[PDB]
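Reviewing the structure listed below.
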Amino acid sequence: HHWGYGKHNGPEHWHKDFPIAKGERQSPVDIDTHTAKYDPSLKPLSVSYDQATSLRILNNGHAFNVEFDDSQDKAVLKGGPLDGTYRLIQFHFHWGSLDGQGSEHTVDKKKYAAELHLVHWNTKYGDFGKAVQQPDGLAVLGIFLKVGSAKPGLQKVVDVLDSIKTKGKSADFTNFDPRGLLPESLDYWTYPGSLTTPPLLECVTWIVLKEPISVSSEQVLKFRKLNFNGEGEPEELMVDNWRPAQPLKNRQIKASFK
Ligand SMILES: NS(=O)(=O)c1ccc(Cc2ccc([N+](=O)[O-])cc2)cc1
Ligand SMILES: NS(=O)(=O)c1ccc(Cc2ccc([N+](=O)[O-])cc2)cc1
Ligand SMILES: [Zn+2]
């Protein structure tokens, strides 16, 4: 067996193999907008994706990852709440079986249809595997998806999904520009948290954008045609691959905006 999002191995079971699941800085969380405090000391986010080099897309059995060449300082996240330079390694999404659920973070208990995670590692730790062992090792930029108008910059991702239907399939995926997945505004909330999948390491500075992007119903329907299973195994649609909100405990969520 293995962890997953099924009836028998979903989020409420993860603690049995990953006891940090019940830890002090777990993610995602509900963002209570009225209690989040505006912090005028927070800087604008600096997103520098002009030279980003995508390489490949992978169905890993839990989601799909669009992977980047992180061997040089290209595609970096700086500023905001962060000290230093964080390099983009991959992005992926979490989504629902229906448009009314799918996000990991919630906003005043509102669930979005999906949530995009742009994952970055702190260059002071040299590579990703070392960074996840540090409390300031990662910065994950989270972006909500709502269903409405299509996101033109998402379509190249949607169209390659047919070629990675099942667990363990990958496809070449070069020249994809992740700037096409951003909203207009970079206003954000931030808090200290964790990976949202096992091993659930408490190594993430979360930066969650206030403004969702709009994707079309047809775009998200194509996410829901993916499979958790491998080729030749009983079909299990890749849907509801989100962890619910976890206790905030002794944390403060800060807002970059009034
Ligand atoms: N703690 S965990 O890594 O999430 C984990 C959870 C459950 C199990 C056992 C398991 C039992 C049944 C199924 N199942 O029917 O698909 C899948 C897994 C094994 C491991
Ligand atoms: N969903 S999320 O919090 O943005 C997230 C981002 C990246 C990862 C990837 C990952 C991170 C760490 C390990 N690990 O230490 O074995 C394995 C995979 C896992 C989860
Ligand atoms: Zn994620």
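Chain identifiers are assigned as A, B, and so on, following the order in which chains appear in the structure tokens; residues are numbered from 1 within each chain, and ligands are numbered from 1 in order of appearance.
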Practice item. Please report, as a PyMOL selection string, each residue of segment 24-141 of chain A to which DSSP assigns strand (DSSP E or B) when run on this structure's backbone. Key: chain A and resi 30-31+37-38+45-48+54-59+64-68+76-79+86-95+106-107+110+114-122+138-141
**Study point:** ligand 3 neighbours within 8 Å using only C-alpha atoms and all ligand atoms, as a list in words
**Key:** residues 91, 92, 93, 94, 115, 116, 117, 195, 196 and 197 of chain A
Counting only C-alpha atoms and all ligand atoms, which residues of chain A sit at most 12 Å from some atom of ligand 1, and what is each one's closest atom pair with its distance in Å to one decimal, listed by chain and rising residue number, as JSON lines?
{"residue": "A:1", "atom": "CA", "partner": "ligand 1", "partner_atom_place_in_ligand_line": "18 (C)", "distance": 4.5}
{"residue": "A:2", "atom": "CA", "partner": "ligand 1", "partner_atom_place_in_ligand_line": "20 (C)", "distance": 4.5}
{"residue": "A:3", "atom": "CA", "partner": "ligand 1", "partner_atom_place_in_ligand_line": "4 (O)", "distance": 3.6}
{"residue": "A:4", "atom": "CA", "partner": "ligand 1", "partner_atom_place_in_ligand_line": "4 (O)", "distance": 6.2}
{"residue": "A:5", "atom": "CA", "partner": "ligand 1", "partner_atom_place_in_ligand_line": "4 (O)", "distance": 8.5}
{"residue": "A:6", "atom": "CA", "partner": "ligand 1", "partner_atom_place_in_ligand_line": "16 (O)", "distance": 6.2}
{"residue": "A:7", "atom": "CA", "partner": "ligand 1", "partner_atom_place_in_ligand_line": "16 (O)", "distance": 7.0}
{"residue": "A:8", "atom": "CA", "partner": "ligand 1", "partner_atom_place_in_ligand_line": "13 (C)", "distance": 4.8}
{"residue": "A:9", "atom": "CA", "partner": "ligand 1", "partner_atom_place_in_ligand_line": "6 (C)", "distance": 3.8}
{"residue": "A:10", "atom": "CA", "partner": "ligand 1", "partner_atom_place_in_ligand_line": "4 (O)", "distance": 5.9}
{"residue": "A:11", "atom": "CA", "partner": "ligand 1", "partner_atom_place_in_ligand_line": "4 (O)", "distance": 6.6}
{"residue": "A:12", "atom": "CA", "partner": "ligand 1", "partner_atom_place_in_ligand_line": "4 (O)", "distance": 7.6}
{"residue": "A:13", "atom": "CA", "partner": "ligand 1", "partner_atom_place_in_ligand_line": "4 (O)", "distance": 4.6}
{"residue": "A:14", "atom": "CA", "partner": "ligand 1", "partner_atom_place_in_ligand_line": "4 (O)", "distance": 3.6}
{"residue": "A:15", "atom": "CA", "partner": "ligand 1", "partner_atom_place_in_ligand_line": "1 (N)", "distance": 5.6}
{"residue": "A:16", "atom": "CA", "partner": "ligand 1", "partner_atom_place_in_ligand_line": "1 (N)", "distance": 4.3}
{"residue": "A:17", "atom": "CA", "partner": "ligand 1", "partner_atom_place_in_ligand_line": "1 (N)", "distance": 4.1}
{"residue": "A:18", "atom": "CA", "partner": "ligand 1", "partner_atom_place_in_ligand_line": "1 (N)", "distance": 6.5}
{"residue": "A:19", "atom": "CA", "partner": "ligand 1", "partner_atom_place_in_ligand_line": "1 (N)", "distance": 8.7}
{"residue": "A:20", "atom": "CA", "partner": "ligand 1", "partner_atom_place_in_ligand_line": "1 (N)", "distance": 11.2}
{"residue": "A:21", "atom": "CA", "partner": "ligand 1", "partner_atom_place_in_ligand_line": "1 (N)", "distance": 9.6}
{"residue": "A:197", "atom": "CA", "partner": "ligand 1", "partner_atom_place_in_ligand_line": "4 (O)", "distance": 9.7}
{"residue": "A:198", "atom": "CA", "partner": "ligand 1", "partner_atom_place_in_ligand_line": "3 (O)", "distance": 7.7}
{"residue": "A:199", "atom": "CA", "partner": "ligand 1", "partner_atom_place_in_ligand_line": "3 (O)", "distance": 9.1}
{"residue": "A:200", "atom": "CA", "partner": "ligand 1", "partner_atom_place_in_ligand_line": "3 (O)", "distance": 11.1}
{"residue": "A:228", "atom": "CA", "partner": "ligand 1", "partner_atom_place_in_ligand_line": "16 (O)", "distance": 10.9}
{"residue": "A:229", "atom": "CA", "partner": "ligand 1", "partner_atom_place_in_ligand_line": "16 (O)", "distance": 10.5}
{"residue": "A:234", "atom": "CA", "partner": "ligand 1", "partner_atom_place_in_ligand_line": "16 (O)", "distance": 11.4}
{"residue": "A:236", "atom": "CA", "partner": "ligand 1", "partner_atom_place_in_ligand_line": "16 (O)", "distance": 10.3}
{"residue": "A:243", "atom": "CA", "partner": "ligand 1", "partner_atom_place_in_ligand_line": "4 (O)", "distance": 11.7}
Report as an mmCIF file with N, CA and C atoms, in the first residue's frame all protein, DNA and RNA residues lying within 8 Å of residue 90 of chain A, evaluated on only C-alpha atoms, omitting residues in the same chain fewer than 3 positions from it.
data_model
loop_
_atom_site.group_PDB
_atom_site.id
_atom_site.type_symbol
_atom_site.label_atom_id
_atom_site.label_comp_id
_atom_site.auth_asym_id
_atom_site.auth_seq_id
_atom_site.Cartn_x
_atom_site.Cartn_y
_atom_site.Cartn_z
ATOM 1 N N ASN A 65 3.446 17.076 -12.244
ATOM 2 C CA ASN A 65 4.451 18.108 -12.033
ATOM 3 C C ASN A 65 5.028 18.610 -13.330
ATOM 4 N N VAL A 66 5.011 19.921 -13.536
ATOM 5 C CA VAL A 66 5.789 20.551 -14.600
ATOM 6 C C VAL A 66 7.135 20.929 -13.979
ATOM 7 N N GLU A 67 8.189 20.333 -14.496
ATOM 8 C CA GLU A 67 9.531 20.394 -13.923
ATOM 9 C C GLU A 67 10.386 21.396 -14.684
ATOM 10 N N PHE A 68 11.220 22.100 -13.931
ATOM 11 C CA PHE A 68 12.127 23.110 -14.456
ATOM 12 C C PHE A 68 13.573 22.740 -14.263
ATOM 13 N N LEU A 118 3.521 26.748 -7.095
ATOM 14 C CA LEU A 118 4.832 26.974 -7.695
ATOM 15 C C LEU A 118 5.866 26.820 -6.584
ATOM 16 N N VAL A 119 6.678 25.776 -6.700
ATOM 17 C CA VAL A 119 7.553 25.333 -5.626
ATOM 18 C C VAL A 119 8.969 25.835 -5.867
ATOM 19 N N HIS A 120 9.542 26.499 -4.848
ATOM 20 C CA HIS A 120 10.880 27.097 -4.945
ATOM 21 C C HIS A 120 11.718 26.695 -3.741
#
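Considering only C-alpha atoms, the residue among A:142, A:153, A:61, A:135 positioned nearest to residue 187 of chain A is A:142.
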Review point. Excluding same-chain residues fewer than 2 positions from residue 230 of chain A, what lies within 8 Å of it counting only C-alpha atoms, as an MDAnalysis selection string?
Key: chainID A and resid 61 166:168 227:228 232:233
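Here atom CA of residue 37 of chain A is placed at a distance of 28.8 Å from atom CA of residue 49 of chain A.
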Check your understanding: What is the distance between atom CA of residue 137 of chain A and atom CA of residue 247 of chain A, in Å to one decimal?
Key ->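 Separation between atom CA of residue 137 of chain A and atom CA of residue 247 of chain A: 21.6 Å.
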As a PDB file with N, CA, C and O atoms, in the first residue's frame, please: every residue in segment 18-222 of chain A that a backbone DSSP assignment puts in alpha helix (DSSP H).
ATOM      1  N   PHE A 128      17.412  20.974  -3.489  1.00  0.00           N
ATOM      2  CA  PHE A 128      16.072  20.804  -2.960  1.00  0.00           C
ATOM      3  C   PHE A 128      16.049  19.844  -1.788  1.00  0.00           C
ATOM      4  O   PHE A 128      15.377  20.079  -0.785  1.00  0.00           O
ATOM      5  N   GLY A 129      16.760  18.723  -1.911  1.00  0.00           N
ATOM      6  CA  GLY A 129      16.741  17.720  -0.866  1.00  0.00           C
ATOM      7  C   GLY A 129      17.279  18.189   0.480  1.00  0.00           C
ATOM      8  O   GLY A 129      16.819  17.774   1.535  1.00  0.00           O
ATOM      9  N   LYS A 130      18.269  19.065   0.431  1.00  0.00           N
ATOM     10  CA  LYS A 130      18.760  19.683   1.660  1.00  0.00           C
ATOM     11  C   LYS A 130      17.814  20.760   2.163  1.00  0.00           C
ATOM     12  O   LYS A 130      17.617  20.943   3.370  1.00  0.00           O
ATOM     13  N   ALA A 131      17.235  21.511   1.225  1.00  0.00           N
ATOM     14  CA  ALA A 131      16.337  22.590   1.617  1.00  0.00           C
ATOM     15  C   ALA A 131      15.115  22.086   2.394  1.00  0.00           C
ATOM     16  O   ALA A 131      14.676  22.770   3.329  1.00  0.00           O
ATOM     17  N   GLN A 155      -3.405  26.404 -21.481  1.00  0.00           N
ATOM     18  CA  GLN A 155      -3.873  25.430 -22.460  1.00  0.00           C
ATOM     19  C   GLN A 155      -2.789  24.462 -22.883  1.00  0.00           C
ATOM     20  O   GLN A 155      -3.089  23.274 -23.072  1.00  0.00           O
ATOM     21  N   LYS A 156      -1.530  24.911 -22.971  1.00  0.00           N
ATOM     22  CA  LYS A 156      -0.440  23.989 -23.353  1.00  0.00           C
ATOM     23  C   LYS A 156      -0.296  22.843 -22.346  1.00  0.00           C
ATOM     24  O   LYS A 156      -0.005  21.709 -22.712  1.00  0.00           O
ATOM     25  N   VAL A 157      -0.527  23.157 -21.072  1.00  0.00           N
ATOM     26  CA  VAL A 157      -0.517  22.119 -20.034  1.00  0.00           C
ATOM     27  C   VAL A 157      -1.700  21.149 -20.233  1.00  0.00           C
ATOM     28  O   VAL A 157      -1.537  19.925 -20.267  1.00  0.00           O
ATOM     29  N   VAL A 158      -2.892  21.709 -20.418  1.00  0.00           N
ATOM     30  CA  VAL A 158      -4.097  20.909 -20.595  1.00  0.00           C
ATOM     31  C   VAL A 158      -3.926  19.933 -21.775  1.00  0.00           C
ATOM     32  O   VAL A 158      -4.261  18.747 -21.686  1.00  0.00           O
ATOM     33  N   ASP A 159      -3.366  20.433 -22.869  1.00  0.00           N
ATOM     34  CA  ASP A 159      -3.278  19.610 -24.072  1.00  0.00           C
ATOM     35  C   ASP A 159      -2.280  18.449 -23.994  1.00  0.00           C
ATOM     36  O   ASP A 159      -2.444  17.470 -24.727  1.00  0.00           O
ATOM     37  N   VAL A 160      -1.275  18.532 -23.117  1.00  0.00           N
ATOM     38  CA  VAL A 160      -0.287  17.461 -22.979  1.00  0.00           C
ATOM     39  C   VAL A 160      -0.765  16.352 -22.025  1.00  0.00           C
ATOM     40  O   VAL A 160      -0.184  15.277 -21.964  1.00  0.00           O
ATOM     41  N   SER A 217     -14.286  25.675 -17.580  1.00  0.00           N
ATOM     42  CA  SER A 217     -14.794  24.380 -17.174  1.00  0.00           C
ATOM     43  C   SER A 217     -14.114  23.265 -17.967  1.00  0.00           C
ATOM     44  O   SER A 217     -13.757  22.232 -17.424  1.00  0.00           O
ATOM     45  N   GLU A 218     -13.917  23.491 -19.258  1.00  0.00           N
ATOM     46  CA  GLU A 218     -13.306  22.486 -20.112  1.00  0.00           C
ATOM     47  C   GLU A 218     -11.853  22.214 -19.695  1.00  0.00           C
ATOM     48  O   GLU A 218     -11.398  21.074 -19.766  1.00  0.00           O
ATOM     49  N   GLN A 219     -11.128  23.258 -19.289  1.00  0.00           N
ATOM     50  CA  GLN A 219      -9.756  23.077 -18.808  1.00  0.00           C
ATOM     51  C   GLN A 219      -9.688  22.181 -17.568  1.00  0.00           C
ATOM     52  O   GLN A 219      -8.944  21.205 -17.528  1.00  0.00           O
ATOM     53  N   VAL A 220     -10.517  22.481 -16.580  1.00  0.00           N
ATOM     54  CA  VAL A 220     -10.458  21.702 -15.357  1.00  0.00           C
ATOM     55  C   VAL A 220     -11.031  20.289 -15.577  1.00  0.00           C
ATOM     56  O   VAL A 220     -10.570  19.345 -14.954  1.00  0.00           O
ATOM     57  N   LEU A 221     -12.023  20.134 -16.469  1.00  0.00           N
ATOM     58  CA  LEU A 221     -12.528  18.808 -16.800  1.00  0.00           C
ATOM     59  C   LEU A 221     -11.420  17.903 -17.322  1.00  0.00           C
ATOM     60  O   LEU A 221     -11.421  16.695 -17.058  1.00  0.00           O
ATOM     61  N   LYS A 222     -10.468  18.476 -18.057  1.00  0.00           N
ATOM     62  CA  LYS A 222      -9.334  17.711 -18.569  1.00  0.00           C
ATOM     63  C   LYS A 222      -8.373  17.291 -17.449  1.00  0.00           C
ATOM     64  O   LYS A 222      -7.836  16.197 -17.509  1.00  0.00           O
TER      65      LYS A 222
END
Practice item. Give the answer as one residue: which of A:179, A:146, A:62, A:224 has the shortest atom-to-atom distance to ligand 2, using only C-alpha atoms and all ligand atoms? Key: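 Using only C-alpha atoms and all ligand atoms, ligand 2 sits closest to A:62.
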Review point. Using only C-alpha atoms, which of the listed residues (A:211, A:162, A:50, A:202) sits closest to residue 184 of chain A?
Key: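 Counting only C-alpha atoms, the residue closest to residue 184 of chain A is A:211.
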Exercise for review: Between atom CA of residue 39 of chain A and atom CA of residue 253 of chain A, measure the distance and give it in Å to one decimal.
Suggested key: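 Pair atom CA of residue 39 of chain A / atom CA of residue 253 of chain A returns 9.7 Å.
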**Study point:** Spatial neighbours of residue 240 of chain A, max dist 6 Å, only C-alpha atoms, sep filter under 2 positions, as a PyMOL selection string
**Key:** chain A and resi 95-97+102+242
Check your understanding: Neighbours of residue 123 of chain A within 6 Å (only C-alpha atoms; same-chain residues fewer than 3 positions away dropped), as a PyMOL selection string?
Key -> chain A and resi 85-86+126
Exercise for review: Rank nothing, just name the residue among A:79, A:100, A:244, A:28 nearest to ligand 2, using only C-alpha atoms and all ligand atoms.
Suggested key: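 Of the candidates, the smallest distance to ligand 2 is held by A:28.
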**Study point:** Shell of 8 Å around residue 245 of chain A, only C-alpha atoms, local chain residues under 5 positions omitted, as a PyMOL selection string
**Key:** chain A and resi 27-30+104-106
